[PDB]
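Only one chain is given next, in structure tokens, and it is the form deposited in one PDB entry.
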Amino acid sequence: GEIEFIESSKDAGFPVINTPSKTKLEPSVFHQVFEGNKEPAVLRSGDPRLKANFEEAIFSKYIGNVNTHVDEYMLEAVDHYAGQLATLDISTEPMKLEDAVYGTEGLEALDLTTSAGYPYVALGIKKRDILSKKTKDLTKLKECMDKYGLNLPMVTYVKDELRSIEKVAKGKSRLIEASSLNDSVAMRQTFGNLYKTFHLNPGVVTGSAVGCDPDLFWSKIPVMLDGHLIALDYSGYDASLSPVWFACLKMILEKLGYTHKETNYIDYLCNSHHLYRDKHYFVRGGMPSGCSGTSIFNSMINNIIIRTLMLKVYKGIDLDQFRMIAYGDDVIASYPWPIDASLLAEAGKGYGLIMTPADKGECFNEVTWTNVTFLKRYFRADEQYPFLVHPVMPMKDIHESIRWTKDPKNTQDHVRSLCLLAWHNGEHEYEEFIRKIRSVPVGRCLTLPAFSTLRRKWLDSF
């Protein structure tokens, strides 16, 4: 993706978008008890911790576009992946508005907590001024959509989250886009049944883990991923995507029965108009992460990409023995024969993708079940029930999280959530985690699950 045009918002009559410049993250009562290195991402230009130019840094992910046609490797990649998805009988019928907005099986209700985007954000109109959970009112929503229509500008926000020392100093904060509520709803109507099928079918047919529950899903993954593991990472996957990958995605959607008209929203994602504070700008290419379906669409594109690279380097590959699962940019895959991931990565560079060894490894090393990660989690078979696999979030990451909070009122939910992650590291690690939590008086006011309870509920869940 590439920023093709930027200018001052007032010159086009857009008001300044007033977003917060102070982090909501504050040190928690556990900040001294545990060790950590991460701090809130830089949110503003004058941040004393910066050792680089902020505006430059946050937009640097837009590395440019390669401008190619959909080539022969892409075409075959799309056909093979499309063959798999056909299996699922995805309905290209519009999802009914009430289902798309207020929830249905496989598609949670529209988040009423996040930005309503433009123009609402400039009118002080919040999502809950238009929508109501208890009521399921579609009246105001219908008015708003009729009134303002579709294809509205996106609103760019800087993501308020913990980052490493390096990422803070380099100012490399992540950007998230808020689609207009109008566009979010139209996309959920148009692709909702697709969203639902993906969410209800994590695995190697969808090639997707979006919506997965790691406690359950982790035990299935090694059953599905039969061969020699394949894993590489991307740098700035979303913003690196060139328009040709969106062309691929449209081809695959149309093979699924979507009309050319119905795939128009993919053009909305690819060629986009954004408001950022006092600036407005146009982007060609790049997935605008935060819009409707971007995790799923990122995942679908990744399925196309990896197949493409395999076909291009290994002429004579049999993709029918290939398996992969993606969560956006995160891929874990297998093939019955060894595959040189460095070759794939170089082939990727040719398509304008930045691909590196798994987990910032030095070289494209041997990926094994011991050192592979997915969604930041390791895989550890249970000692007693070898067919059950623990998702293992590193204690280091759990420690980083507990040292900060955006609202202490939710301390109980926060610590309990971390407990659900921690116990997979084993009893000794868990009891230490609990010990340290209880070394603070708040820790002794918390209802914390026992290890044995956590293990029992987990075993029982299968």
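Residue numbers here begin at 1 and follow the sequence given.
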Higher avg CA temperature factor (96-104 vs 194-202, as deposited) belongs to 96-104
If you average the CA temperature factors over each stretch, which comes out higher, 164-172 or 237-245? 164-172
By the entry's C-alpha temperature factors, tell me which of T139, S272, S334, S299 sits highest. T139
Would you mind finding, among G290, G352, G83, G207, the residue with the largest C-alpha temperature factor in the entry? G83
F433's Cα B-factor: lowest, middle or highest third of the chain? middle
In terms of the chain's CA B-factor thirds, is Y385 lowest, middle or highest? middle
Would you mind checking where the Cα B-factor of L459 ranks among the modelled residues of its chain, as the lowest, middle or highest third? middle
Can you tell me which third, lowest, middle or highest, the CA B-factor of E177 falls into for its chain? lowest
What third of its chain, lowest, middle or highest, does the C-alpha temperature factor of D47 fall into? middle
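Only in words, not in the display: the form deposited with a partner chain bound, which the text now covers.
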Just to confirm, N425 within 4.5 Å of the partner chain in the deposited complex by heavy atoms? yes
Answer for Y258 alone: is it within 4.5 Å of the partner chain in the deposited complex, judged on heavy atom distances? no
Is it the case that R380, even though its partner is missing from this view, gets within 4.5 Å of the partner chain in the deposited complex, heavy atoms only? yes
Residue-level contact is defined here as any heavy atom of the residue lying within 4.5 Å of the partner chain in the deposited complex; does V392 satisfy this criterion? yes
If you check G106, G227, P222, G203 against the partner chain in the deposited complex, which one has a heavy atom within 4.5 Å? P222
Pick from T135, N151, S164, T370: which residue has any heavy atom within 4.5 angstroms of the partner chain in the deposited complex? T370
For the chain seen here without its partner, which of 342-350, 275-283, 122-130, 380-388 has a heavy atom within 4.5 Å of the partner chain in the deposited complex? 380-388
